[PDB]
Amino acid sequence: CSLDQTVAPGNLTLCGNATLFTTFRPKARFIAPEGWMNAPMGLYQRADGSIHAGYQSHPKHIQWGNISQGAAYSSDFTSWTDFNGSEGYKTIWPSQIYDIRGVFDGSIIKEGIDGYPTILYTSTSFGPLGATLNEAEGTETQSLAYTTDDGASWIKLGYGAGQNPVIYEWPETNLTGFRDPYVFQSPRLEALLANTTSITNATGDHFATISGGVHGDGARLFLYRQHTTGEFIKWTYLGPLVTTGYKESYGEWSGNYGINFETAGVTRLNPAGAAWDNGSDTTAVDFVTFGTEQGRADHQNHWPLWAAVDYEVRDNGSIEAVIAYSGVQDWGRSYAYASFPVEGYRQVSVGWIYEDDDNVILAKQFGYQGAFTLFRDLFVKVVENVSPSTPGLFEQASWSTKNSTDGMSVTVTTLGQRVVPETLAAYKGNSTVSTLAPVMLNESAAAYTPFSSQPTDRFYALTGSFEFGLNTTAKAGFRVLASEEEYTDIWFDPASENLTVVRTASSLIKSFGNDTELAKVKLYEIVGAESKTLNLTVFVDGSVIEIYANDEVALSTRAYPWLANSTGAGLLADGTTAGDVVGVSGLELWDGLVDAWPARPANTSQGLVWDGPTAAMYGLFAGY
């Protein structure tokens, strides 16, 4: 095993465990110290204003298993510190018959048991578990734990009658899944159900959804309500909140609803951020965010989706969330988005970016798998004065339209997503910032034009506004992680409405994924404008490439170039002519970003271990 990054890569499968630990590793984002991570969990803003973030964790392994909560905290979403206790950076782990198979995703009741922050989580035990298997009741249940030390440790309720697990009965038969409880307060839902509480007797101020589905008959999000305020054992099943069909799709802008939901959450937003009104704010919109399984040919069969919903009250004192329009939260290699409230009327969302090594060829050599996305403020994106001649506008696919009285303009409403400003400020302020001169891309434009300033490593951000003619057939974007032999091309093609990431040349290492990523982006044309604009922000962080368009569209992906000098960046142009011109302005390079884990040394590997021959006997975890 040679680690010479000035020559072509050898056979890297001969390299030892964690020998490639720093080679492709993100530095500017949330990631475990080592080993396996997946879904964010247990997210809450603590009493001191800091953010507690948990995550599904399997230390000293590079596949999933013994799944536990790892945790850390931050005062600004950006610079983090690990918890360190008797189990290292873990704070909840399998320990009881009811959760021994894994401590799955959970969410926080901020004033819970004895007034302490309390997690409701999926506690798993033995038996077939999965949407394509024949799971039985009891394999997935829901349990409580609380913390008296602000998340350094958690105390589980005892096992037994009237204690853990607190939710165990399946609400319908033949579930595909029964997990990922999302606890939330909702003046909106309380107002809607206030006339029906005699029917159900459930009058608590907390609701909880549980994600799943029914075999052969599509996904389900099940709604529960806390039975009595200030009491946390009894949760009353109201009914299905969201019901979708077996592999139903709302269309090209909306992914596919698959067979089973995961990590679903419920929020209410307005143009400024989170909305906590009872229905009285006419600018507020109810949203559900959710993952779907088995409705996708690639990306681990996983779509992270969202839908705007209109709530209807059923006669049995339950709620139907009728989907009004439906979109995609991220179009790339990310999943398991969790959202949580943050003071100042914010709802903040973060997901998990998996690697692109699905055959597990270099995972041991990495010594880790996975990272988070950046933390994102959610809000209602409102575009005013939209031209009715915007192509495809009245499809109303992942947005809504409201005509002006005179019919000459439209107001467009959709889900907005933008990187939390704390992170943008810290990134910019800690970087070497190069403000770049505008560039007109015309007949003289090369295919690739390097920026006048270049990055110095694999940790940078780019911003640009691309102004296109209304009938352009030109393409433009950014090339990143670029040398002559390796590069990753981010293209937007207004004629097809497709944002793509072409990765055929991303790396000389052939075992990594190289498929083309794709997102749909609607450029809403403004009344009286003779052009249309794409605002693109791109973060390059080790192997992560995370793309944001117009505070709306997100696409996370991976690139693993071998060569030390595959760090360059610049502009891409295709079909730009004297007459079909692309004006690029607002160009900025931020070189360096932030060291997100200042207390950690560069190499936080502790080695990898094998569970031994019993792993195959038990059949629950891969074992490595």
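In case it trips you up, residue 1 is the first one in the sequence shown, and so on.
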For 32 to 40 versus 581 to 589, entry-based mean Cα B-factors point to 581 to 589
Looking only at CA atoms, which has the higher mean B factor in the entry: 328 to 336 or 312 to 320? 312 to 320
Looking at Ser125, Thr263, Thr533, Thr147, which has the highest CA B-factor as recorded? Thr533
Residue with maximal Cα B-factor (values as given in the PDB entry) among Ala445, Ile210, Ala71, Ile353: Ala445
Taking the entry's C-alpha B-factors for this chain, is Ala461 in the lowest, middle or highest third? middle
Going by the recorded CA B-factors, say which third of the chain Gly112 sits in, lowest, middle or highest. middle
If you rank the chain by CA B-factor, which third does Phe451 end up in: lowest, middle or highest? highest
CA B-factor placement of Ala47, once the chain's modelled residues are sorted into thirds: middle
According to the PDB entry, is the CA B factor of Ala599 in the bottom, middle or top third of its chain, that is, lowest, middle or highest? lowest
